[PDB]
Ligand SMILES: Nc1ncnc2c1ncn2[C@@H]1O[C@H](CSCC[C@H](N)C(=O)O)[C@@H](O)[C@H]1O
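Single chain ahead, written as structure tokens, the form deposited without the ligand.
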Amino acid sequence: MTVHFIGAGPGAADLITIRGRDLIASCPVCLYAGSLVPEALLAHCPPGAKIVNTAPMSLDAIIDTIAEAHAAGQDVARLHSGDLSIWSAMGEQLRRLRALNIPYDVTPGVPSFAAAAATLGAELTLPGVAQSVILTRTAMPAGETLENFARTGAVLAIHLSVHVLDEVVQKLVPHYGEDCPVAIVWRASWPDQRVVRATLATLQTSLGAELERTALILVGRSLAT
């Protein structure tokens, strides 16, 4: 047996990869990270599959469940939302699996910044304007500061609490300017999707009625309309 870590993508069931879909279809055990993974993907699980919601489970119980599948020789479709390379929390699971010598592989998914850019119809890189993209969130490691990032002029993709938005704006404005385009996306790709396009000066006044805490913000001239 093998544990197959799978990037489920941003939310829409048709934005999983073909490989990921095939793997869900052929595993008798499926461990999935709660309602961030659309239940429509669970329809691909073969009959016979036991389906396990890891979201309210502890790290220890997740590993015990994988261990009992491993003892039974049963493959696992381990679904995380988005892509596995960023903010999946796959690493701590991998470290626990290497300590038990349970085999695993990784199938990449669509990251939410890509899904966000697609909904906006935007190429983030624009010759002359920006050729780089920085992915980050708001204890951050030593040199990982908004100012350090803002100095580059790169397109920024920041995962954040709406509660700290005011600080984010203050730190970016000296670098990018009052009038710099920014776009906020909530629940990218879900039926529920909301998209606000604004400027740094006008972002806070352009959040209307939307009460959700976490969002993704994209900042740069290449986000102009």
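Residues that one form lacks are left out of the comparison. The numbering used is simple: start at 1 and walk along the sequence shown. Definition used throughout: the rigid core is the maximal C-alpha set that superposes within 1.5 Å between two forms.
There is another form of the same protein, the form solved in complex with the ligand; it is not shown, and what comes next is about it.
Residues with any non-hydrogen atom within 4.5 angstroms of the ligand in the bound PDB entry fall in just one of 174-182, 64-72, 45-53, 159-167: 159-167.
Within this chain, residue 188 lines the site of the ligand in the bound PDB entry, having a heavy atom no more than 4.5 Å away. Using a 4.5 angstroms limit between non-hydrogen atoms, residue 203 is distant from the ligand in the bound PDB entry. Within this chain, residue 81 lines the site of the ligand in the bound PDB entry, having a heavy atom no more than 4.5 Å away. Heavy atoms of residue 86 reach within 4.5 Å of the ligand in the bound PDB entry, making it an interface residue. Contacts of stretch 196-217 with the ligand in the bound PDB entry, defined by any heavy atom lying within 4.5 Å, are made by 213, 214, 215, 216, listed in sequence order.
Once the two forms are fitted on their rigid core, between the shown form and the other one the CA displacement reaches 2 Å or more only for 160 among 169, 160, 52, 69.
For residue 15, the Cα coordinates differ by under 2 angstroms between the shown form and the other one after the core has been superposed.
Between residue 160 and residue 58, the C-alpha separation shrinks by 3 Å or more in the bound PDB entry, relative to the conformation displayed.
Annotation for the pair residue 158/residue 208: C-alpha atoms approach each other in the bound PDB entry, by 3 Å or more compared with this form.
When the two forms are overlaid on the core, consecutive residue runs of 3+ whose CA positions all differ by 2 Å or more between the shown form and the other one map to 160-163, 204-215.
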